[PDB]
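Right, I'll just put the structure down here and ask away after.
Quick note on labels: first sequence line is chain A, next is B, and so on, each numbered from 1. Just so it is clear, the values below take in all heavy atoms, side chains as well, and ignore hydrogens, waters and symmetry mates.
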Amino acid sequence: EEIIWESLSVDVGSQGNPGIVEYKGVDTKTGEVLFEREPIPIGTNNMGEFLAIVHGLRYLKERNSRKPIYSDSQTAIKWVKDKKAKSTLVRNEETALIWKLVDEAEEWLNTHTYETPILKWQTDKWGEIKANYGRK
RNA sequence: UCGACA
DNA sequence: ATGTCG
Ligand SMILES: [Ca+2]
Ligand SMILES: [Ca+2]
Ligand SMILES: [Ca+2]
Ligand SMILES: [Ca+2]
């Protein structure tokens, strides 16, 4: 379809997978960075993509914005839709932080409401999502 | 056996 | 390579 420029685009950035994970949200039109998560020692790409969308949901809700959120992650979009992050990253002391954030994100989703449309960013047609990290 | 999204 | 879904 056509790009809805009046929106929020989110993405994960990592060093290894599993590895160090962070994420950010930007204004789709300008690329202005609206939020960024402090790096988490160990996590997966999908967990990060998931946390980015949920944070985007909370970010927009707090500001009473009805703008949609763009994510290029089929997995993260589904996890948010199901309000359940089906990650199989092992749960141990080293992954405790990322899992805490994931569990808290799920917790938020199951105790709050929103109608924010979560749209699939069509990378194969529009290029890389505006919140992207690293080379293509 | 892949196909796809990262 | 690894994380996930269809
Ligand atoms: Ca992405
Ligand atoms: Ca988070
Ligand atoms: Ca949803
Ligand atoms: Ca990237």
* To do: Can you tell me the distance, in whole Å, between the CG atom of A:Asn132 and the P atom of B:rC5?
  =>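 Computing the A:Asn132:CG to B:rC5:P distance gives 15 Å.
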* **Heavy atoms of other groups near A:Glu6 CD, more than 12 under 6.0 Å** => no
* **Sequence neighbours excluded, every pair satisfying ring-ring contact (aromatic ring centres under 6.0 Å, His included) that has a member inside residues 10-32 of chain A** =>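 Every ring-ring contact (aromatic ring centres under 6.0 Å, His included) pair that includes a residue of residues 10-32 of chain A, provided the two are not neighbours, is A:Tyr23-A:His55.
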* Structure fact -> Which of A:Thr28, A:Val26, A:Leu34 passes side-chain contact (heavy atoms from CB on, under 4.5 Å) with A:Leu8? It is A:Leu34
* **Ring-face cation of A:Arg37 near A:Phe35 (centre distance under 6.0 Å, axis angle within 45°)** => no
* Check whether more than 12 heavy atoms from other residues, nucleotides or ligands sit under 6.0 Å from atom NZ of A:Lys86, and answer yes or no. => no
* Asked: What's the spacing between A:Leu60 CG and A:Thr116 OG1 if we round to 0.5 Å?
  ->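 Rounded to the nearest 0.5 Å, the CG-OG1 separation comes out at 5.5 Å.
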* Write down the distance between CG (A:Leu119) and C1' (B:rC5), rounded to a whole number of angstrom. =>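 Result: 16 Å.
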* Structure fact -> Per the under-4.0 Å heavy-atom filter, residues of residues 12-32 of chain A near RNA chain B come out as none
* Looking at A:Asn132, A:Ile69, A:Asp72, which hits side-chain contact (heavy atoms from CB on, under 4.5 Å) with A:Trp121? ->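 For A:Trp121, the side-chain contact (heavy atoms from CB on, under 4.5 Å) check succeeds only for A:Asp72.
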* **Separation between CD1 of A:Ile98 and CG of A:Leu51, rounded to the nearest 0.5 Å** =>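 So the CD1 of A:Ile98 and the CG of A:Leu51 are separated by 5.0 Å.
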* Are A:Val21 and A:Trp99 co-members of a hydrophobic cluster defined by side-chain heavy atoms under 4.5 Å apart? ->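 Looking at the clustering, A:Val21 is in a separate group from A:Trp99.
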* Asked: ring-ring contact (aromatic ring centres under 6.0 Å, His included) with A:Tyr133: which residues, sequence neighbours excluded?
  ->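 ring-ring contact (aromatic ring centres under 6.0 Å, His included) list for A:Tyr133, sorted by chain: empty.
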* **Opening and closing nucleotides of DNA chain C in contact with chain A, under 4.0 Å to non-hydrogen atoms** =>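 Range of nucleotides touched by chain A: C:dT2 to C:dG6.
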* Asked: Would the number of heavy atoms belonging to other residues, nucleotides or ligands and lying under 6.0 Å from CZ of A:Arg91 be above 12?
  ->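 More than 12 within 6.0 Å, yes.
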* **Nucleic acid contacts - residues 34-54 of chain A versus RNA chain B, non-hydrogen atoms under 4.0 Å** => A:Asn45, A:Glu49
* NZ-NZ distance between A:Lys84 and A:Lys78, expressed to the nearest 0.5 angstrom -> 12.0 Å
* Please list residues of residues 74-90 of chain A whose heavy atoms come under 4.0 Å from any atom in RNA chain B, ordered by number; otherwise none. => A:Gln74
* Asked: What's the spacing between A:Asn45 CG and A:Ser14 OG if we round to 0.5 Å?
  ->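 Going from CG on A:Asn45 over to OG on A:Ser14, the span is 7.0 Å.
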